[PDB]
Every structure is written in C-alpha cells, then in structure tokens.
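Undergrad: Data file input29.txt (compact mmCIF, N, CA and C atoms) is appended below.
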# COMPACT_ATOMS: atom_id res chain seq x y z
N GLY A 1 -46.59 -42.27 -4.08
CA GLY A 1 -45.22 -42.68 -3.81
C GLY A 1 -44.22 -41.74 -4.49
N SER A 2 -43.31 -42.34 -5.23
CA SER A 2 -42.29 -41.58 -5.94
C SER A 2 -42.31 -41.94 -7.42
N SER A 3 -42.00 -40.94 -8.24
CA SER A 3 -41.97 -41.14 -9.68
C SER A 3 -41.51 -39.86 -10.38
N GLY A 4 -40.56 -40.03 -11.29
CA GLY A 4 -40.02 -38.90 -12.03
C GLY A 4 -39.18 -39.37 -13.22
N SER A 5 -38.51 -38.42 -13.84
CA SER A 5 -37.67 -38.72 -14.99
C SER A 5 -36.85 -37.49 -15.38
N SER A 6 -35.73 -37.75 -16.03
CA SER A 6 -34.85 -36.68 -16.46
C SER A 6 -34.84 -36.59 -17.99
N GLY A 7 -34.24 -35.52 -18.48
CA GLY A 7 -34.15 -35.30 -19.91
C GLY A 7 -32.79 -34.71 -20.30
N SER A 8 -32.66 -34.42 -21.59
CA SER A 8 -31.42 -33.86 -22.10
C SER A 8 -31.53 -32.33 -22.18
N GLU A 9 -30.43 -31.67 -21.84
CA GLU A 9 -30.39 -30.22 -21.87
C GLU A 9 -29.04 -29.74 -22.39
N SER A 10 -28.95 -28.43 -22.58
CA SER A 10 -27.72 -27.83 -23.07
C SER A 10 -27.45 -26.52 -22.34
N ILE A 11 -26.92 -26.64 -21.13
CA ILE A 11 -26.61 -25.48 -20.32
C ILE A 11 -25.15 -25.07 -20.55
N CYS A 12 -24.85 -23.84 -20.19
CA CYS A 12 -23.51 -23.31 -20.34
C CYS A 12 -22.79 -23.41 -18.99
N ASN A 13 -21.57 -23.92 -19.04
CA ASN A 13 -20.78 -24.07 -17.84
C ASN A 13 -19.30 -24.17 -18.21
N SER A 14 -18.47 -23.50 -17.43
CA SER A 14 -17.04 -23.51 -17.67
C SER A 14 -16.54 -24.95 -17.82
N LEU A 15 -15.57 -25.12 -18.71
CA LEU A 15 -15.00 -26.43 -18.96
C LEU A 15 -13.76 -26.29 -19.83
N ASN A 16 -13.99 -25.90 -21.08
CA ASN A 16 -12.90 -25.72 -22.02
C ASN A 16 -13.21 -24.52 -22.92
N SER A 17 -12.23 -23.63 -23.02
CA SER A 17 -12.37 -22.44 -23.84
C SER A 17 -13.76 -21.83 -23.63
N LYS A 18 -13.85 -20.96 -22.63
CA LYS A 18 -15.10 -20.30 -22.32
C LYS A 18 -14.91 -18.78 -22.39
N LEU A 19 -15.80 -18.14 -23.14
CA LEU A 19 -15.74 -16.70 -23.30
C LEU A 19 -14.40 -16.32 -23.93
N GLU A 20 -14.42 -15.22 -24.67
CA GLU A 20 -13.22 -14.73 -25.33
C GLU A 20 -12.22 -14.20 -24.30
N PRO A 21 -10.92 -14.32 -24.65
CA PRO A 21 -9.86 -13.86 -23.76
C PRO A 21 -9.76 -12.34 -23.78
N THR A 22 -10.88 -11.70 -23.46
CA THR A 22 -10.93 -10.25 -23.43
C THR A 22 -11.17 -9.75 -22.00
N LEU A 23 -10.74 -8.52 -21.76
CA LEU A 23 -10.91 -7.92 -20.44
C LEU A 23 -12.36 -8.08 -19.99
N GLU A 24 -13.26 -7.55 -20.81
CA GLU A 24 -14.68 -7.63 -20.51
C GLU A 24 -15.02 -8.98 -19.88
N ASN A 25 -14.26 -9.99 -20.27
CA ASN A 25 -14.46 -11.33 -19.76
C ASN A 25 -13.15 -11.86 -19.18
N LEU A 26 -12.57 -11.07 -18.29
CA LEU A 26 -11.31 -11.45 -17.66
C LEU A 26 -11.59 -12.45 -16.53
N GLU A 27 -12.61 -12.13 -15.74
CA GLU A 27 -12.99 -12.99 -14.63
C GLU A 27 -13.35 -14.39 -15.14
N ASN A 28 -13.77 -14.44 -16.40
CA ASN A 28 -14.14 -15.70 -17.01
C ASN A 28 -13.27 -15.94 -18.24
N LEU A 29 -12.02 -15.52 -18.13
CA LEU A 29 -11.08 -15.68 -19.23
C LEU A 29 -10.27 -16.97 -19.01
N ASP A 30 -10.34 -17.85 -20.00
CA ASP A 30 -9.63 -19.11 -19.93
C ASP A 30 -8.16 -18.88 -20.30
N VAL A 31 -7.38 -18.50 -19.30
CA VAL A 31 -5.97 -18.25 -19.51
C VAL A 31 -5.32 -19.48 -20.14
N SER A 32 -5.84 -20.64 -19.77
CA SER A 32 -5.32 -21.89 -20.30
C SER A 32 -5.65 -22.01 -21.79
N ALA A 33 -6.45 -21.07 -22.26
CA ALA A 33 -6.84 -21.05 -23.66
C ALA A 33 -5.67 -20.54 -24.50
N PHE A 34 -5.07 -19.46 -24.04
CA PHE A 34 -3.94 -18.87 -24.74
C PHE A 34 -2.91 -19.93 -25.11
N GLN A 35 -2.72 -20.10 -26.41
CA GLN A 35 -1.77 -21.08 -26.91
C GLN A 35 -0.35 -20.52 -26.83
N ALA A 36 -0.25 -19.29 -26.37
CA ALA A 36 1.04 -18.63 -26.24
C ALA A 36 2.05 -19.62 -25.66
N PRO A 37 3.35 -19.25 -25.79
CA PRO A 37 4.43 -20.09 -25.28
C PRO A 37 4.52 -20.00 -23.76
N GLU A 38 5.10 -21.04 -23.17
CA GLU A 38 5.26 -21.09 -21.73
C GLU A 38 6.36 -20.13 -21.28
N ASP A 39 6.98 -19.49 -22.26
CA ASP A 39 8.05 -18.55 -21.98
C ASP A 39 7.74 -17.22 -22.66
N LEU A 40 6.46 -17.03 -22.97
CA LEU A 40 6.02 -15.81 -23.62
C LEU A 40 6.77 -14.62 -23.03
N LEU A 41 6.63 -14.46 -21.72
CA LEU A 41 7.29 -13.37 -21.02
C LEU A 41 8.45 -13.93 -20.19
N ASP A 42 9.42 -14.49 -20.89
CA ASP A 42 10.58 -15.06 -20.24
C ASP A 42 11.38 -13.95 -19.57
N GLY A 43 11.61 -14.12 -18.27
CA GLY A 43 12.36 -13.14 -17.51
C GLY A 43 11.76 -11.74 -17.67
N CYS A 44 10.43 -11.70 -17.71
CA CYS A 44 9.73 -10.44 -17.86
C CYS A 44 8.98 -10.15 -16.56
N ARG A 45 9.52 -9.20 -15.81
CA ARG A 45 8.91 -8.81 -14.54
C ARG A 45 7.89 -7.70 -14.76
N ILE A 46 6.62 -8.05 -14.55
CA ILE A 46 5.54 -7.09 -14.72
C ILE A 46 4.94 -6.77 -13.36
N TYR A 47 4.42 -5.55 -13.25
CA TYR A 47 3.80 -5.11 -12.01
C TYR A 47 2.29 -4.97 -12.17
N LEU A 48 1.57 -5.79 -11.41
CA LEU A 48 0.12 -5.77 -11.46
C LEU A 48 -0.40 -4.73 -10.45
N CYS A 49 -1.30 -3.89 -10.93
CA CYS A 49 -1.89 -2.86 -10.09
C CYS A 49 -3.34 -2.66 -10.51
N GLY A 50 -4.20 -2.54 -9.51
CA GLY A 50 -5.62 -2.34 -9.77
C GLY A 50 -6.40 -3.64 -9.53
N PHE A 51 -6.19 -4.59 -10.42
CA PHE A 51 -6.87 -5.87 -10.32
C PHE A 51 -6.89 -6.37 -8.88
N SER A 52 -7.80 -7.30 -8.62
CA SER A 52 -7.93 -7.86 -7.28
C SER A 52 -8.70 -9.18 -7.35
N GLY A 53 -9.90 -9.11 -7.91
CA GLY A 53 -10.74 -10.29 -8.04
C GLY A 53 -10.08 -11.34 -8.94
N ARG A 54 -10.87 -11.85 -9.87
CA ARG A 54 -10.37 -12.86 -10.79
C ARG A 54 -9.40 -12.23 -11.79
N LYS A 55 -9.74 -11.02 -12.22
CA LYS A 55 -8.91 -10.31 -13.17
C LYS A 55 -7.44 -10.52 -12.83
N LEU A 56 -7.13 -10.31 -11.55
CA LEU A 56 -5.76 -10.48 -11.08
C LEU A 56 -5.38 -11.96 -11.17
N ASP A 57 -6.15 -12.78 -10.49
CA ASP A 57 -5.90 -14.21 -10.48
C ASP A 57 -5.48 -14.66 -11.88
N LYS A 58 -6.08 -14.01 -12.87
CA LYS A 58 -5.78 -14.33 -14.26
C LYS A 58 -4.33 -13.94 -14.57
N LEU A 59 -4.09 -12.64 -14.57
CA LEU A 59 -2.76 -12.13 -14.85
C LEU A 59 -1.72 -13.04 -14.19
N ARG A 60 -2.04 -13.46 -12.97
CA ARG A 60 -1.14 -14.33 -12.23
C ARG A 60 -0.85 -15.60 -13.03
N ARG A 61 -1.92 -16.24 -13.48
CA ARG A 61 -1.80 -17.46 -14.25
C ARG A 61 -1.20 -17.16 -15.62
N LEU A 62 -1.50 -15.97 -16.12
CA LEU A 62 -1.01 -15.55 -17.42
C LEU A 62 0.51 -15.33 -17.33
N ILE A 63 0.88 -14.26 -16.64
CA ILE A 63 2.28 -13.93 -16.48
C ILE A 63 3.09 -15.22 -16.28
N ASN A 64 2.67 -16.00 -15.29
CA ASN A 64 3.34 -17.25 -14.99
C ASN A 64 3.25 -18.18 -16.20
N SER A 65 2.06 -18.23 -16.78
CA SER A 65 1.83 -19.07 -17.94
C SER A 65 2.83 -18.73 -19.04
N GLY A 66 3.15 -17.44 -19.13
CA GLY A 66 4.09 -16.97 -20.13
C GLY A 66 5.52 -16.95 -19.58
N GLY A 67 5.65 -17.46 -18.36
CA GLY A 67 6.95 -17.51 -17.70
C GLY A 67 7.22 -16.22 -16.93
N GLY A 68 6.50 -15.18 -17.32
CA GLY A 68 6.65 -13.88 -16.67
C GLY A 68 6.65 -14.03 -15.15
N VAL A 69 7.09 -12.97 -14.48
CA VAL A 69 7.14 -12.96 -13.03
C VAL A 69 6.26 -11.83 -12.50
N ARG A 70 5.31 -12.21 -11.66
CA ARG A 70 4.39 -11.24 -11.08
C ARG A 70 4.95 -10.73 -9.75
N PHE A 71 5.43 -9.49 -9.79
CA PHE A 71 5.99 -8.87 -8.60
C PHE A 71 4.88 -8.33 -7.68
N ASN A 72 5.10 -8.49 -6.39
CA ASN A 72 4.14 -8.03 -5.40
C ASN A 72 4.29 -6.52 -5.21
N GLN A 73 5.48 -6.04 -5.54
CA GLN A 73 5.77 -4.62 -5.41
C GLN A 73 6.37 -4.08 -6.70
N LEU A 74 6.57 -2.77 -6.72
CA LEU A 74 7.14 -2.11 -7.89
C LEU A 74 8.62 -1.83 -7.64
N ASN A 75 9.35 -1.65 -8.73
CA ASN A 75 10.78 -1.38 -8.65
C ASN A 75 11.32 -1.05 -10.04
N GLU A 76 12.63 -0.87 -10.11
CA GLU A 76 13.28 -0.56 -11.37
C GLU A 76 13.35 -1.81 -12.25
N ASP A 77 13.14 -2.95 -11.62
CA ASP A 77 13.18 -4.22 -12.33
C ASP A 77 11.92 -4.36 -13.19
N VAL A 78 10.82 -3.85 -12.66
CA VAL A 78 9.55 -3.91 -13.36
C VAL A 78 9.77 -3.53 -14.83
N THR A 79 9.39 -4.44 -15.71
CA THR A 79 9.54 -4.21 -17.13
C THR A 79 8.21 -3.76 -17.74
N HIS A 80 7.15 -3.91 -16.95
CA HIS A 80 5.82 -3.53 -17.40
C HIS A 80 4.91 -3.33 -16.19
N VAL A 81 3.84 -2.59 -16.41
CA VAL A 81 2.89 -2.31 -15.35
C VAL A 81 1.46 -2.44 -15.90
N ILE A 82 0.89 -3.61 -15.69
CA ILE A 82 -0.46 -3.88 -16.16
C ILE A 82 -1.47 -3.21 -15.22
N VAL A 83 -2.04 -2.11 -15.69
CA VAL A 83 -3.01 -1.37 -14.91
C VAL A 83 -4.42 -1.82 -15.30
N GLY A 84 -5.32 -1.72 -14.33
CA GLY A 84 -6.70 -2.11 -14.56
C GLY A 84 -7.64 -0.91 -14.40
N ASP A 85 -7.28 -0.03 -13.49
CA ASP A 85 -8.08 1.16 -13.23
C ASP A 85 -7.15 2.34 -12.96
N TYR A 86 -6.19 2.11 -12.08
CA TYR A 86 -5.23 3.15 -11.72
C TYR A 86 -4.07 2.57 -10.92
N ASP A 87 -2.90 3.15 -11.14
CA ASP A 87 -1.70 2.70 -10.44
C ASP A 87 -1.18 3.84 -9.56
N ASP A 88 -1.41 3.69 -8.26
CA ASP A 88 -0.97 4.69 -7.31
C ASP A 88 0.52 4.49 -7.02
N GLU A 89 0.85 3.29 -6.57
CA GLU A 89 2.22 2.96 -6.25
C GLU A 89 3.17 3.56 -7.29
N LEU A 90 2.77 3.43 -8.55
CA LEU A 90 3.57 3.96 -9.64
C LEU A 90 4.12 5.34 -9.25
N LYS A 91 3.22 6.17 -8.75
CA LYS A 91 3.59 7.51 -8.34
C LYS A 91 4.73 7.43 -7.31
N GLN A 92 4.49 6.63 -6.28
CA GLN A 92 5.48 6.45 -5.23
C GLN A 92 6.81 6.00 -5.82
N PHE A 93 6.74 4.91 -6.59
CA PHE A 93 7.93 4.37 -7.22
C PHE A 93 8.66 5.44 -8.02
N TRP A 94 7.88 6.32 -8.63
CA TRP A 94 8.45 7.39 -9.43
C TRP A 94 9.18 8.35 -8.49
N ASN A 95 8.64 8.47 -7.28
CA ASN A 95 9.23 9.34 -6.29
C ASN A 95 10.42 8.63 -5.63
N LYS A 96 10.52 7.34 -5.91
CA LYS A 96 11.60 6.54 -5.35
C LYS A 96 12.74 6.46 -6.37
N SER A 97 12.57 5.58 -7.34
CA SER A 97 13.57 5.39 -8.37
C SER A 97 13.18 6.16 -9.63
N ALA A 98 14.18 6.45 -10.45
CA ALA A 98 13.95 7.18 -11.68
C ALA A 98 13.88 6.19 -12.85
N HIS A 99 12.65 5.87 -13.24
CA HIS A 99 12.43 4.95 -14.33
C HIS A 99 11.02 5.14 -14.89
N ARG A 100 10.85 4.74 -16.14
CA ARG A 100 9.56 4.86 -16.80
C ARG A 100 9.12 3.51 -17.36
N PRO A 101 8.35 2.76 -16.52
CA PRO A 101 7.86 1.46 -16.92
C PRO A 101 6.71 1.59 -17.93
N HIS A 102 6.43 0.48 -18.61
CA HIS A 102 5.36 0.46 -19.59
C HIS A 102 4.03 0.18 -18.90
N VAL A 103 3.23 1.23 -18.77
CA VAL A 103 1.93 1.11 -18.13
C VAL A 103 0.87 0.81 -19.19
N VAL A 104 0.37 -0.41 -19.15
CA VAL A 104 -0.65 -0.84 -20.10
C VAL A 104 -1.75 -1.60 -19.36
N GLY A 105 -2.77 -1.99 -20.11
CA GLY A 105 -3.88 -2.72 -19.54
C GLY A 105 -3.76 -4.22 -19.83
N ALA A 106 -4.27 -5.01 -18.89
CA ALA A 106 -4.23 -6.45 -19.03
C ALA A 106 -4.56 -6.83 -20.47
N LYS A 107 -5.46 -6.06 -21.06
CA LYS A 107 -5.88 -6.30 -22.43
C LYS A 107 -4.66 -6.68 -23.27
N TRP A 108 -3.61 -5.88 -23.13
CA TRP A 108 -2.38 -6.12 -23.87
C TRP A 108 -1.89 -7.52 -23.52
N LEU A 109 -1.61 -7.72 -22.25
CA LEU A 109 -1.13 -9.01 -21.77
C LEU A 109 -1.89 -10.13 -22.50
N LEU A 110 -3.20 -9.99 -22.51
CA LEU A 110 -4.05 -10.98 -23.17
C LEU A 110 -3.62 -11.13 -24.63
N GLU A 111 -3.78 -10.04 -25.37
CA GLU A 111 -3.41 -10.04 -26.78
C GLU A 111 -2.07 -10.76 -26.98
N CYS A 112 -1.15 -10.48 -26.07
CA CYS A 112 0.17 -11.09 -26.13
C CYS A 112 0.00 -12.61 -26.09
N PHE A 113 -0.64 -13.07 -25.02
CA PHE A 113 -0.87 -14.50 -24.85
C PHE A 113 -1.87 -15.02 -25.88
N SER A 114 -2.47 -14.08 -26.61
CA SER A 114 -3.44 -14.43 -27.63
C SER A 114 -2.75 -14.60 -28.98
N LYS A 115 -1.86 -13.66 -29.27
CA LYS A 115 -1.12 -13.69 -30.52
C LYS A 115 0.03 -14.69 -30.40
N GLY A 116 0.42 -14.96 -29.16
CA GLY A 116 1.50 -15.89 -28.90
C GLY A 116 2.83 -15.14 -28.72
N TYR A 117 2.79 -13.85 -29.02
CA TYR A 117 3.98 -13.02 -28.90
C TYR A 117 3.62 -11.64 -28.35
N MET A 118 4.62 -11.00 -27.75
CA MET A 118 4.42 -9.68 -27.19
C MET A 118 4.08 -8.66 -28.28
N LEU A 119 3.18 -7.75 -27.93
CA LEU A 119 2.76 -6.72 -28.87
C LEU A 119 3.17 -5.35 -28.33
N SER A 120 2.90 -4.33 -29.13
CA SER A 120 3.24 -2.96 -28.75
C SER A 120 2.42 -2.55 -27.52
N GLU A 121 3.04 -1.73 -26.68
CA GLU A 121 2.38 -1.26 -25.48
C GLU A 121 1.76 0.12 -25.72
N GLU A 122 2.32 0.82 -26.69
CA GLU A 122 1.83 2.15 -27.03
C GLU A 122 0.33 2.10 -27.34
N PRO A 123 -0.06 1.06 -28.13
CA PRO A 123 -1.46 0.89 -28.50
C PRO A 123 -2.28 0.35 -27.33
N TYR A 124 -1.60 0.20 -26.20
CA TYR A 124 -2.25 -0.31 -25.00
C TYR A 124 -1.78 0.45 -23.76
N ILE A 125 -1.66 1.76 -23.92
CA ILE A 125 -1.22 2.61 -22.82
C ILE A 125 -2.43 2.99 -21.96
N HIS A 126 -2.20 3.01 -20.65
CA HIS A 126 -3.26 3.35 -19.72
C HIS A 126 -3.08 4.80 -19.25
N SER A 127 -3.99 5.65 -19.69
CA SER A 127 -3.94 7.05 -19.33
C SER A 127 -5.15 7.41 -18.45
N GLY A 128 -5.13 8.62 -17.93
CA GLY A 128 -6.21 9.10 -17.08
C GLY A 128 -7.38 9.60 -17.92
N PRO A 129 -8.46 10.02 -17.21
CA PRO A 129 -9.65 10.53 -17.87
C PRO A 129 -9.41 11.94 -18.42
N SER A 130 -10.43 12.45 -19.10
CA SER A 130 -10.35 13.78 -19.68
C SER A 130 -9.33 13.79 -20.82
N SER A 131 -9.45 14.81 -21.66
CA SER A 131 -8.56 14.95 -22.80
C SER A 131 -8.14 16.41 -22.96
N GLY A 132 -9.14 17.27 -23.07
CA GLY A 132 -8.89 18.70 -23.23
C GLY A 132 -9.73 19.28 -24.37
Show me this structure written as structure tokens.
TA:
Amino acid sequence: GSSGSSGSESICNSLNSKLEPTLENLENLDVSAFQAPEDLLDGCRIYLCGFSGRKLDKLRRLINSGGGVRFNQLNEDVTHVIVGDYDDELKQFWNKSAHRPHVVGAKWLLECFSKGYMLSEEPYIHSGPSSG
C-alpha cells in the first residue's frame, strides 16, 4: 500500500537577508536589506547601463529604494552612470550634450545603500581594460 514519513532539514532559500549586498551577488542581493534611507538618492537621477538581468532589477529597486530616479535614457540631468560592463550610450550622449557624469559600478550604489549614505565615486570609477 502506502507508507512514508518526513524529517527535519536545513536548506538554503531566499527569505530574509540573503547573500551579501555585493555585486558578485547582485542577482541575489537583498536590496530590501540595505537599511539606507528611503531618500538616500533624493532627486538623484542615475543612468543604468550594462545591467539587464537581476543586476538591473536590483538597481531599479535600489535607486527607487533610495528615492533615486532610474532614467531609461541618458542626458545632462543624469547625475550618475552606474556601469556594469560598458556604457556605449555615454559616448553618444557625449557627442550630444557637453557633460561629464559620474561613471561608477553598481558596487558603489550598493555601498551607498550599505553605508546608508553616498560615498565617493572616484574609488568606484569604471574604466576600460589595459593600463600601459
């Protein structure tokens, strides 16, 4: 006939505060973890470029979480440019308007929402490969 039984286990599954709020774990970054303020990036228009999968979905929840505004396009309003791999549009925008936005990696954004306050972008600048 039928007969069975269950037991106790300890598996890992998303729920509350899972994985560190680091890029390496962006797709599994609990943006809701960041105790940062809901106005972290008050009236801060940032331009997301590169991301697509969850990484982006995050920044979206982050920026918004911090009050920031996630622009679909680039412009002179852009106060920051969170790059993940490379920002092409940036080039175009540069060929359009004359401005120098802060190009950094989500990592920064995180740290910001991690420290609760905005941090330096210089220590989080996104440059190309090679050095010389």
Undergrad: For residue 28 (chain A), please output as a count of residues only all residues within 7 Å (counting all atoms listed in the file; exclusion window: fewer than 3 positions along the same chain).
TA: 9
Undergrad: DSSP on the backbone, then: every residue of region 11-131 of chain A marked helix (DSSP H, G or I), written as an NGL selection string.
TA: :A and (23-25 or 31-33 or 54-65 or 89-96 or 106-115 or 122-124)
Undergrad: Could you pull the residues within 9 Å of residue 103 (chain A), counting only C-alpha atoms, minus those fewer than 6 positions along the same chain, as number ranges by chain?
TA: A: 47, 80-83, 87, 121-122, 124-127
Undergrad: Identify which of the residues A:132, A:116, A:1, A:43 lies closest to residue 67 (chain A), counting all atoms listed in the file when measuring atom-to-atom distances.
TA: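 Between A:132, A:116, A:1, A:43, the residue approaching residue 67 (chain A) most closely is A:43.
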Undergrad: Using only C-alpha atoms, determine which residues lie at most 7 Å from residue 84 (chain A), disregarding the query and same-chain residues fewer than 2 positions distant; provide the list as a list in words.
TA: residues 49, 50, 51, 82, 86, 105 and 106 of chain A
Undergrad: Name the closest residue to residue 77 (chain A) among the candidates A:115, A:45, A:27, A:61; distances are taken between atoms, counting all atoms listed in the file.
TA: A:45
Undergrad: What does the structure give for the distance between CA of residue 118 (chain A) and CA of residue 40 (chain A), in Å to one decimal?
TA: 7.3 Å
Undergrad: Using all atoms listed in the file, pick whichever of A:22, A:130, A:120, A:79 has the shortest atom-to-atom distance to residue 102 (chain A).
TA: A:79
Undergrad: Please determine, counting all atoms listed in the file, which residue among A:98, A:104, A:119, A:26 has the shortest atom-to-atom distance to residue 59 (chain A).
TA: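 Closest to residue 59 (chain A), using all atoms listed in the file: A:26.
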Undergrad: For CA of residue 60 (chain A) and atom N of residue 128 (chain A), determine how far apart the two atoms are, in Å to one decimal place.
TA: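 It comes out at 24.0 Å.
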Undergrad: So how many Å separate CA of residue 32 (chain A) and CA of residue 73 (chain A), to one decimal?
TA: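 Value for the CA of residue 32 (chain A)-CA of residue 73 (chain A) distance: 25.4 Å.
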Undergrad: For the structure I just gave you, how does DSSP split region 19-107 of chain A - specifically, which residues are strand (DSSP E)? Reply as JSON, numbers by chain.
TA: {"A": [45, 46, 47, 48, 49, 69, 70, 71, 80, 81, 82, 83, 103, 104, 105]}
Undergrad: Can you fill out region 62-75 of chain A with N, CA, C and O atoms and hand it back as a short mmCIF file (atom, residue, chain, number, x, y, z; two decimals), keeping the file's coordinate frame?
TA:
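After the write, out17.cif holds the following:
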data_model
loop_
_atom_site.label_atom_id
_atom_site.label_comp_id
_atom_site.auth_asym_id
_atom_site.auth_seq_id
_atom_site.Cartn_x
_atom_site.Cartn_y
_atom_site.Cartn_z
N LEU A 62 -1.50 -15.97 -16.12
CA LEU A 62 -1.01 -15.55 -17.42
C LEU A 62 0.51 -15.33 -17.33
O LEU A 62 1.28 -16.11 -17.88
N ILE A 63 0.88 -14.26 -16.64
CA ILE A 63 2.28 -13.93 -16.48
C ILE A 63 3.09 -15.22 -16.28
O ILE A 63 4.05 -15.48 -17.01
N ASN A 64 2.67 -16.00 -15.29
CA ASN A 64 3.34 -17.25 -14.99
C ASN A 64 3.25 -18.18 -16.20
O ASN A 64 4.24 -18.81 -16.58
N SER A 65 2.06 -18.23 -16.78
CA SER A 65 1.83 -19.07 -17.94
C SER A 65 2.83 -18.73 -19.04
O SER A 65 3.29 -19.61 -19.77
N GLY A 66 3.15 -17.44 -19.13
CA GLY A 66 4.09 -16.97 -20.13
C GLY A 66 5.52 -16.95 -19.58
O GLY A 66 6.44 -16.49 -20.24
N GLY A 67 5.65 -17.46 -18.36
CA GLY A 67 6.95 -17.51 -17.70
C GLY A 67 7.22 -16.22 -16.93
O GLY A 67 8.05 -16.20 -16.02
N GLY A 68 6.50 -15.18 -17.32
CA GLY A 68 6.65 -13.88 -16.67
C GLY A 68 6.65 -14.03 -15.15
O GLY A 68 6.25 -15.07 -14.62
N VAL A 69 7.09 -12.97 -14.48
CA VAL A 69 7.14 -12.96 -13.03
C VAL A 69 6.26 -11.83 -12.50
O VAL A 69 6.46 -10.67 -12.84
N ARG A 70 5.31 -12.21 -11.66
CA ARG A 70 4.39 -11.24 -11.08
C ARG A 70 4.95 -10.73 -9.75
O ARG A 70 4.94 -11.44 -8.75
N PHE A 71 5.43 -9.49 -9.79
CA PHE A 71 5.99 -8.87 -8.60
C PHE A 71 4.88 -8.33 -7.68
O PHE A 71 3.88 -7.80 -8.16
N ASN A 72 5.10 -8.49 -6.39
CA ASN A 72 4.14 -8.03 -5.40
C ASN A 72 4.29 -6.52 -5.21
O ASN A 72 3.36 -5.85 -4.78
N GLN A 73 5.48 -6.04 -5.54
CA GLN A 73 5.77 -4.62 -5.41
C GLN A 73 6.37 -4.08 -6.70
O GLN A 73 6.63 -4.83 -7.64
N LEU A 74 6.57 -2.77 -6.72
CA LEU A 74 7.14 -2.11 -7.89
C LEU A 74 8.62 -1.83 -7.64
O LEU A 74 9.07 -1.79 -6.49
N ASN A 75 9.35 -1.65 -8.73
CA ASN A 75 10.78 -1.38 -8.65
C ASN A 75 11.32 -1.05 -10.04
O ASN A 75 10.55 -0.98 -11.00
#
